[PDB]
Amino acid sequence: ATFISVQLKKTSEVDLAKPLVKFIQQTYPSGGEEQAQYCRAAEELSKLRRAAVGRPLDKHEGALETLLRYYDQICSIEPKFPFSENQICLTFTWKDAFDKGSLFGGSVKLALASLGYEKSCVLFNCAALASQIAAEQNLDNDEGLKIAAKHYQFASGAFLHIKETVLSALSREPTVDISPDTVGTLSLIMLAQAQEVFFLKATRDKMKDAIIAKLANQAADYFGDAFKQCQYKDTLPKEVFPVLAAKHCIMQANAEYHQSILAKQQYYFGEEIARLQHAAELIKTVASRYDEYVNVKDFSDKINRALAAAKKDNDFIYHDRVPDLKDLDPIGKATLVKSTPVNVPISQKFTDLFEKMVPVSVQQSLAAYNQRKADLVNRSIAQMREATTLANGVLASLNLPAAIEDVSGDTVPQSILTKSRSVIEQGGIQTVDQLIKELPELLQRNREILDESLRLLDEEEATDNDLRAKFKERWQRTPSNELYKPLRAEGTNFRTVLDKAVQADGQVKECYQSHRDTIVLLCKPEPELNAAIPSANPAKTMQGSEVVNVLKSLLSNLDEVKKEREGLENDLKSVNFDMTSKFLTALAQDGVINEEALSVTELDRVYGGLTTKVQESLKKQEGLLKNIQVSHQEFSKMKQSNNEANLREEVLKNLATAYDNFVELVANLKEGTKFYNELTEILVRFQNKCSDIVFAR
């Protein structure tokens, strides 16, 4: 009972968790529940690999399932970690199963950081182990036959799968054993042996000789093709080649022998003899040439008896001419076997440790989408603010709308009064003064954090250097200096930001001292404010004039244009679409994810009404500014230039400008403060890293 089986590949143990957990934490919340399960999966995973590949080799279905499970799990991980770029480097080291090499030596090894390589080797071991479990089965027993058939077919499919994937899975050339041609040959050997098992079942079940001859002939055809492949390319262990040659002949003989019984039953006595002679010749050759590998004594006796009996009857009774072999018809062929497809899960009762984990492809698309969503939202918002800023600057330069509200040059025009009261309510000048005052204190807070952080590093390093200098033998560690270069690289960037923040401060400060006085005036109680605003004569051309009403409507509309910008900006910021589903659908429905066309399409649907309206604001303002510009210069002819009115106009213009300045200043300062406050949160984290690292030392 000699069946071919394949030996398991050897691999060196590697740390599975490490590069996995490293990535895990990089991509999730510290202490966050992710780690809680994911890191616990990557742990159980490494133990699996060791169990599936480190263990001494056990021909136990339990041991085979563990290997199958490991192939399943390993496959289930590919989408959920960024192996492709390979910045994620975990290296897999396997040895050739057969100690085969293109160059002359004993054994050839190969370490690759390609999960594709790992996958092929695991599957190979799955195939090889299955082939060993099959070769051990008791074939005089129905269960043994079922088990042997199933495993040989599994092995056949696994090997063939390896053949079809191996090269795409690998950058460089494979070790021989898993090379496409080696695994193609093994695949066919496994299939032949499965066909053999069905021939034995057929025999044991005493099926018709017609069937048995066809099953056996199909086996012959399988073993014969495998033989041919091996005939000029010796990449399998030494006993494989002779065994194939033997099994090819034995299966041919079986086919002849059963076909001869059929001939006999049809009174084709000459054919019967010719076929039994072919069978005797085949089995005779096997007995002497491959006795090292097979035992055909019982079969040889059986043939011999059938031939002697047949020659007797023919020589005395039938007198039938014995045909030449070339004149006989082919025995047909019937296959009952198929290479089993590898579709994970190939293990029983599988459960993907990382099923919850989100496919890398989708996160790459979610991140991408957000860089697009930010750009859309920020862009439109900035477009709107710059436009509003531009128009306020234009209206002030024209004394609008003050000029139209100033019917009596005696009193504070209503729009100035509204603005005054608005500012006073917002705290007045105190508001600005306070923000300005503590700007330098927020800077100082941050410098201090940064400085203390770097001092930690400096101090420890200082003792590290001393210790190495005095205790060379006893103090041998990577020098703190080396270890700290990364954190000090952060340090220098932080420092670069702070240098810029200082400049941003100096700019806002200078701009604040350049407008403080006029803002102080704006904030006076109304009578005191009126008293400081030079009076002038009015002109009745104010009451009912056309230019005034035209200008007023233009101004009212422009006002509606800028008040609308508030709701638009807020609607821009308050909405969002979670794109996870859209990406997962694309990925399950399809093989790949193209976010660009997807992002664009969803963005357009979520933000398109708004982005459109924003664009209308801008063009609408444009129209308005040209119109008021022309209408004013006309309104200008109407009014009269004297030093009194000139002086009033200068103060009104300056008062409107002071309102806009107060608005901008408060906003630029609160943006400054937020920056310093957020920078403190980051510097506090940075300071912890420095503490941690100085104390792990």
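In this text, rigid core is short for the largest set of C-alphas that superpose within 1.5 Å between two forms. Numbers follow the displayed sequence, beginning with 1.
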| said: Stretch 485-493 versus stretch 321-329: after rigid core alignment, which one is farther off in C-alpha RMS in 4 other deposited structures of this protein? | reply: 485-493
| said: Aligning on the core, I want to see which stretch wanders more in 4 other deposited structures of this protein. Is it 433-441 or 499-507 by C-alpha RMS? | reply: 499-507
| task | With reference to the PDB entry, specify whether the mean Cα temperature factor is higher for 410-418 or for 113-121. | result | 113-121
| said: Which is higher on mean Cα B factor in this entry, 300-308 or 425-433? | reply: 425-433
| remark: Comparing C-alpha B-factors across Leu487, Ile88, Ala255, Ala334 in this entry, the winner is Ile88
| Which listed residue, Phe583, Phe241, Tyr512, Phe471, has the largest C-alpha temperature factor in the record? | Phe583
| Compared with the other modelled residues in the chain, in which third is the CA B-factor of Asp660? | lowest
| Among the modelled residues of its chain, does the C-alpha B-factor of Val6 lie in the lowest, middle or highest third? | lowest
| message | Per the entry's values, where does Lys563 land by CA temperature factor relative to the rest of its chain, in the lowest, middle or highest third? | response | highest
| said: Considering every modelled residue of the chain and its Cα B-factor in the PDB entry, is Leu167 in the lowest, middle or highest third? | reply: highest
| request: Name the third of the chain's ranked CA B-factors that contains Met638, choosing lowest, middle or highest. | output: highest
